[PDB]
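Protein chains in written order, with the deposited numbering: chain P, 500 to 532, 532A, 533 to 534, 536 to 622, 622A, 624 to 638, 638A, 641 to 679, 700 to 829; chain O, 0 to 32, 32A, 33 to 34, 36 to 122, 122A, 124 to 138, 138A, 141 to 179, 200 to 329.
The beta-carbon is built from N, C-alpha and C at its ideal position, and this holds for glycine as well.
Note sheet for the following structure.
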């Protein structure tokens, strides 16, 4: 019931396509990428060095991708503005190129005839949304952002903790392998971004990052100062509750001794790790949450697409 | 002047020998390891898969190890109590086996004739000392511990910060490769151990660890709540001063963008990373510090040996 077109056939674009093709109420009408041919696009989608071999059947006709009998238009336009989104009746253009992430730039998909646009990356200007955090604040805007995979791991946890105990302020560290033998620090805006999806925490969270050479699963290390005193059991219970409710598929929860790889391909946005965390005092605790670098995030991009539809 | 025997010929024991052999006032009279022969010990010391090919000349006579002329007796006793420490006039027995780390167990070396014992590992009973934190508090105790490499990295930092701004409480995370494709969480008493060498901080520090498949350099991520407000520059200035003075070789300081491997073989106990840390508010900051898994620690072991002599 919702027509979409995916711009960019990279790790994200391809995974979004895979997920979308499974949504009964979505109809992928096109994909675009100026750096590859239809033949190469078909080959990559089928034998994906990143996401593995596509179980379905794929082929093409030098003009359209044929997935399980479903034809998907393919273009190679370097400027989204020249795309036949209008002629194709594109309700939502999903841009996973990371180059048309602002309002002005992402506007092209609108000019081309696309009703709305969803940016699969954090934006400085477009309104950001995190499923399970503030997708309910969507007020019909035409161009939205889904933030980053890191922010999508942190934000839901920040929400749960702030709603139940309150967060005076927090400092995060994410140990990740987001796109050898080294631990490499860098800055990250993922923590500050939470302030964009949770206005009440604006200016109350920030952090940094350590890149490590591991499989495609990263982790969030959040050290927060609580408003109200709490025991670790109350904190666990608060998260666990949310993981059993409506946000069942977004917020994960475990109490086992895990290894990052255990979550490869997991679709939750964040998986709370009860055992990994530790509390020093009633108002000072370190919380841990895992996240696949792309599966949870990509599943949320499609969720956001259907929500804005 | 100072005669020492080294128990255990593993990673640490061998590095301790290399370093001890270079101290002008240390006389290495023996080593003990029940799991290897003199032939194997010699071959491993010269062709060390962990510390590289030993520069000096090494051979043996089936009884002693011969390094650059200097002769070192070799034994293979499973019970340190049967060792000839008294006969050889051993002043300090360095136990790097991690099997005699308590007062009752380490007591065996004393029973054998050694005047004192230095455990190259944290102990629940033996008093611990960290060069740069509380070695001056040594009071002639006969059995001491040098804590761990993680504690030797964190403690010096904790002291500097506590002395200048005061630490209300802190939570640490160490991303380390301490002895594939996985990030693995686990508990650690390394942070809590700071409370032993800095009683004023008892119960005010703890944390956890993440194991990663990287080279032999780890890092401590310290999120701390300060007593007195401070700017990141005052913090940087405070650590920098200490790294320029008497603790020059214990506390390192840098402001460059680094990768863990840049510190392989570094002998400081800790290298403060100004650029990697980040401050959220006047009394809530995240500090980062690097440490080679063995070089700084093994150097301290010898520093402590000469100090307690």
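Check, Outcome
"First through last residue of the beta strand (DSSP E) which encompasses residue 839 of chain P", "Nothing can be reported for residue 839 of chain P, as the shown portion of chain P is limited to 500 through 829."
"Interface flag, residue 304 of chain O vs chain P, CB-CB below 8 Å", "yes"
"Interface residues of chain O facing residue 800 of chain P [CB-CB closer than 7 Å]", "169, 171, 226"
"The segment 789-799 of chain P contacting the segment 749-764 of chain P, beta-carbon criterion three pairs below 8 Å", "yes"
"Among P:532A, P:711, P:730, P:729, nearest to residue 721 of chain P - alpha-carbon criterion", "P:711"
"Residue 58 of chain O in three-state terms, based on DSSP", "strand"
"Amino acids of chain O, ordered along the chain, whose beta-carbon sits closer than 9 Å to that of residue 745 of chain P", "245, 304"
"Neighbouring residues, chain O, relative to residue 691 of chain P (Cβ below 7 Å)", "No coordinates exist for residue 691 of chain P; the numbering of chain P passes from 679 to 700 with nothing in between."
"Other residues of its chain near residue 176 of chain O: CB distance less than 8 Å, five sequence neighbours each side excluded", "150, 229, 230, 231, 232, 238, 239, 313"
"Alpha carbon of residue 573 of chain P to alpha carbon of residue 616 of chain P, nearest angstrom", "18 Å"
"Proximal residues of chain O, C-beta to C-beta of residue 796 of chain P below 8 Å", "205, 228"
"Simplified DSSP assignment, three categories, for residue 176 of chain O", "strand"
"Within-8 Å CB hit, residue 741 of chain P to chain O", "yes"
"Contacts of residue 175 of chain O in chain P (Cβ-Cβ under 8 Å)", "675, 703, 730, 732"
"Which of helix, strand or coil DSSP assigns to residue 267 of chain O", "coil"
"Host alpha helix (DSSP H) of residue 230 of chain O (start-end)", "No alpha helix (DSSP H) contains residue 230 of chain O, which is instead part of the beta strand (DSSP E) from 225-231."
"Residue 598 of chain P, buried or exposed, once every other Cβ within 10 Å from all chains shown has been counted against 16", "exposed"
"Separation of residue 179 of chain O from residue 86 of chain O, as counted between CA atoms", "35 Å"
"Per-residue DSSP class, three states only, for residue 503 of chain P", "strand"
"Residue 164 of chain O, DSSP secondary structure in three states", "helix"
"Limits of the beta strand (DSSP E) - the one that residue 799 of chain P falls within", "790-801"
"Residue 672 of chain P to residue 659 of chain P span [Cα, whole Å]", "14 Å"
"Coarse secondary structure for residue 158 of chain O, derived from DSSP in three states", "helix"
"Chain-ordered chain P contacts of residue 214 of chain O [CB-CB under 7 Å]", "Chain P residues near residue 214 of chain O: none, gap ~12 Å exceeds 7 Å."
"Presumed contact (8 Å Cβ cut-off) between residue 818 of chain P and residue 511 of chain P, rounded CB distance", "6 Å"
"Below-8 Å beta-carbon distance, residue 259 of chain O vs any chain P residue", "no"
"Classification of residue 621 of chain P by the beta-carbon crowding that lies within 10 angstroms, buried from 16 upward", "buried"
"For residue 707 of chain P: DSSP bridge partner residues", "P:728"
"Closer than 8 Å to chain P by CB, residue 293 of chain O", "yes"
"Collapsed DSSP secondary structure at residue 544 of chain P in the structure displayed", "helix"
"Nearest-angstrom Cβ-Cβ length linking residue 797 of chain P and residue 807 of chain P, presumed shorter than 8 Å", "5 Å"
"C-beta neighbour in chain P for residue 1 of chain O, strict 8 Å", "no"
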